[PDB]
Amino acid sequence: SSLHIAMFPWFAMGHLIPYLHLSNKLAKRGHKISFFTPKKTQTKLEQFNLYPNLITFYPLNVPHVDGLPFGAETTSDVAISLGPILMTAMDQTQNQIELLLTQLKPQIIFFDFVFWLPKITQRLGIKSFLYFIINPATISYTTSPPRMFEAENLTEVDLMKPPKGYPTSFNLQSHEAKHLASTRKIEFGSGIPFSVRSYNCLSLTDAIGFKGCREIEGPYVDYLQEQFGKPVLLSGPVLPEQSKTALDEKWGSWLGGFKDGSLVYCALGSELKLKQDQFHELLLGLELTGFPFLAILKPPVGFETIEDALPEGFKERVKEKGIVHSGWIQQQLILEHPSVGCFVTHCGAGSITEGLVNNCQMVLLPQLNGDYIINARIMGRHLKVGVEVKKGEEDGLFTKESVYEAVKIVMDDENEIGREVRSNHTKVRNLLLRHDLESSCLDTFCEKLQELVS
Ligand SMILES: O=c1c(O[C@@H]2O[C@H](CO)[C@@H](O)[C@H](O)[C@H]2O)c(-c2ccc(O)cc2)oc2cc(O)cc(O)c12
Ligand SMILES: O=c1ccn([C@@H]2O[C@H](COP(=O)(O)OP(=O)(O)O)[C@@H](O)[C@H]2O)c(=O)[nH]1
């Protein structure tokens, strides 16, 4: 029997997009989806609704919280420092969520962040499902009970090693453990410290789910199931679905003028702005490679145009070989273009999947975020599908020479590290695209959802 599922993702394109990818897969199986989305953002999402008779959008008015810029709905609309206020605004949709649930009456609601929700749903006879599109290795590392019980005694040296029982080994740099130790305590919406919030969601929800498959995410989901004592499901790897919009002709035309596999694509997601010095170092490192490149970057901190922040003489030197662009582009379609030979990525969970299912060599440039860092360690050291750009142990900065070297290594047909990461990437792509991998993940996922509402 088909399920009625409501979708309440965090107000971020990196959550809205994979929730919609998964929605399409569930609707193909006959399930009815009530998709809650910020009102103005809906128009950008219709693009991806492949089953409009089963997937219905319901608009949310993102309320006012003092400090929130006017009209802002998504982390793509605000600077990263304003994220906690946007969290307070999502907390404030409670009364209009509670009324949407009362009239739509879904059996299950997938959600992010709103740890108050399982108390509404238990009252309405609805099952709460905390559905993560970030890595379970990240939640396992920072938010498992052993971490939470040390409370404010948790230090940088504590975060340098995994929590007790953690199934895997990898190394953090000093500045990364420093980042995790401090940001953990910073308020993220309505006065709740960040890790407390996520922990409250894990503890109070009926069940948990993650993007991923047993072959890669398995050990972390088993660890989390053992720790929290409730089902931790895997949706499958949420392979990107095809959009209804073709590749913009101006990009298709420009990309079509380069030799196959010759272009370096660089993008750091839609939520981040580099500091100027690292913006310069990145762009000069791309220039040093001599390869054509497309860099999708916001202007650096303190700057409003790409023009004003480019290193001196940059435009005149790179000529038609390189473009630096700050607008939203169709990243998934660009990564499928045969010109692209290399993807320099901030290691966001969605960008990681998009690179894995394509042919591009991966260069890992994780930005200062626990999931990006952990994704980078897993891709660089466990799966060994990419080369990570070296950062200063204490300052977290890279040089233009380190960017150049990483790209050169993976682009060199005769370099043995490049051949190795190509070979390992092919292994992972062949697994994720295996004819029965995602479908069998979804088979199990949907059975376990049926048990949940039984
Ligand atoms: O990056 C993280 C993250 O997601 C991310 O949290 C950012 C705020 O810190 C936000 O800006 C991004 O849009 C979002 O993808 C979340 C998260 C996401 C959805 C949830 O339902 C609950 C938690 O937990 C984290 C926990 C960590 O120990 C470290 C992290 O790095 C993240
Ligand atoms: O100009 C852009 C920037 C991002 N994306 C998409 O936005 C999502 C970004 O998610 P990810 O987790 O990689 O990073 P974030 O942007 O949340 O940091 C992915 O599906 C990208 O393909 C896109 O299509 N165009």
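Counting starts at 1 for both ligands and their atoms, following the listed order. Position 1 is the first residue of the sequence; numbering continues from there. Side-chain atoms are counted along with the backbone in the values below, which use heavy atoms only and exclude waters and symmetry mates.
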Name each N or O atom in ligand 2 that is under 3.5 Å from a protein N or O, and give the partner atom and the distance.
from, atom 1, to, atom 2, distance (Å)
ligand 2, 1 (O), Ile329, N, 3.1
ligand 2, 12 (O), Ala349, N, 3.4
ligand 2, 12 (O), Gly350, N, 3.1
ligand 2, 13 (O), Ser351, N, 2.8
ligand 2, 13 (O), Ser351, OG, 2.7
ligand 2, 14 (O), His346, NE2, 3.2
ligand 2, 16 (O), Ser270, N, 2.8
ligand 2, 16 (O), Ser270, OG, 3.3
ligand 2, 18 (O), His346, NE2, 3.0
ligand 2, 18 (O), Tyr372, OH, 2.9
ligand 2, 20 (O), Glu354, OE2, 2.7
ligand 2, 22 (O), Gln331, NE2, 3.4
ligand 2, 22 (O), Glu354, OE1, 2.6
ligand 2, 22 (O), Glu354, OE2, 3.1
ligand 2, 24 (O), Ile329, O, 3.2
ligand 2, 25 (N), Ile329, O, 2.7

Atom CD1 in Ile334, atom CD1 in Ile329: separation rounded to 0.5 Å?
-> 4.5 Å
Given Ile134, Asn369, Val78, which has its nearest heavy atom closest to atom 16 (C) of ligand 1?
-> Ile134
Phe11, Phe8, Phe113: member with heavy atom nearest to atom 18 (C) of ligand 1 | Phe113
Taking heavy atoms and a distance under 4.0 Å, where does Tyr372 meet ligand 1: side chain, backbone, both or neither?
-> neither
Hey, can you tell me if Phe170 and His382 have their rings parallel, tilted or perpendicular (30° and 60° cut-offs)?
-> tilted
Got a sec, which residues hit side-chain contact (heavy atoms from CB on, under 4.5 Å) with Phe314, two or more places apart in sequence or on another chain?
-> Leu283, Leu284, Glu287, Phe293, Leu310, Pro311, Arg317, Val318, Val324
Mind running side chain to side chain donor-acceptor pair (under 3.5 Å) on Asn375 and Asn135 for me, showing each step along the way?
-> CA-CA 7 Å; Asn375 284 337; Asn135 199 327; 2.9 Å; yes
Please report which non-hydrogen protein atom sits nearest to atom 20 (C) of ligand 1, along with the residue it belongs to and the distance in Å to one decimal place.
-> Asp112 OD1, 3.4 Å
Flag if over 12 foreign heavy atoms under 6.0 Å of NZ, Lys119 = no
Mode of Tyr141 contact toward ligand 1 - side chain, backbone, both, neither (heavy atoms, under 4.0 Å) | neither
What residue and atom, counting heavy atoms only, is the protein's closest point to atom 9 (O) of ligand 1, and at what distance?
-> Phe194 CE1, 3.4 Å
Polar side chain donor-acceptor pair, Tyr131 to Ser235, under 3.5 angstrom | yes
Cation-aromatic face contact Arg197/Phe115, 6.0 Å, 45 degrees = no
Using a 4.0 Å heavy-atom threshold (strictly under), name the region of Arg197 that reaches ligand 1: side chain, backbone, both or neither.
-> neither
Does the side chain of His175 pick up a donor-acceptor pair with the side chain of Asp395 at under 3.5 Å?
-> no
Protein residue, atom and distance nearest to atom 29 (C) of ligand 1, heavy-atom basis | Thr138 CG2, 3.7 Å
Under 3.5 Å, is there a donor-acceptor pair between the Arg429 and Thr426 side chains?
-> yes
Heavy-atom contact under 4.0 Å between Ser198 and ligand 1?
-> yes
Mind checking whether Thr183 contacts ligand 1 via backbone (N, CA, C, O), side chain (CB onward), both or neither, at a 4.0 Å heavy-atom cut-off?
-> neither
Record the part of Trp10 in heavy-atom contact with ligand 1 below 4.0 Å; permitted values are side chain, backbone, both and neither.
-> side chain
So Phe343 and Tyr265, would you call those rings parallel, tilted or perpendicular, with 30° and 60° as cut-offs?
-> tilted
Could you label the plane-to-plane angle of the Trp254 and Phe258 rings as parallel, tilted or perpendicular, counting under 30° as parallel and over 60° as perpendicular?
-> perpendicular
Can you list the atoms of ligand 1 that are under 4.0 Å from a heavy atom of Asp371?
-> 30 (C), 31 (O)
Any side-chain hydrogen bond (donor to acceptor under 3.5 Å, both in side chains) pairs touching residues 159-170, not counting sequence neighbours?
-> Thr168-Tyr220
Within-shell test, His15 vs ligand 1, heavy atom, strictly < 4.0 Å | yes
Here the atoms of ligand 1 under 4.0 Å from any heavy atom belonging to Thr142 are 27 (C), 28 (O)
Based purely on interatomic distance, does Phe111 place a nitrogen or oxygen under 3.5 Å from a nitrogen or oxygen of ligand 1?
-> no
Any salt bridge (charged side-chain N to carboxylate O under 4.0 Å, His left out) pairs touching residues 209-224, not counting sequence neighbours?
-> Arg214-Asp222
Check whether any N or O atom of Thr75, backbone or side chain, sits under 3.5 Å from an N or O atom of ligand 1, and answer yes or no.
-> no
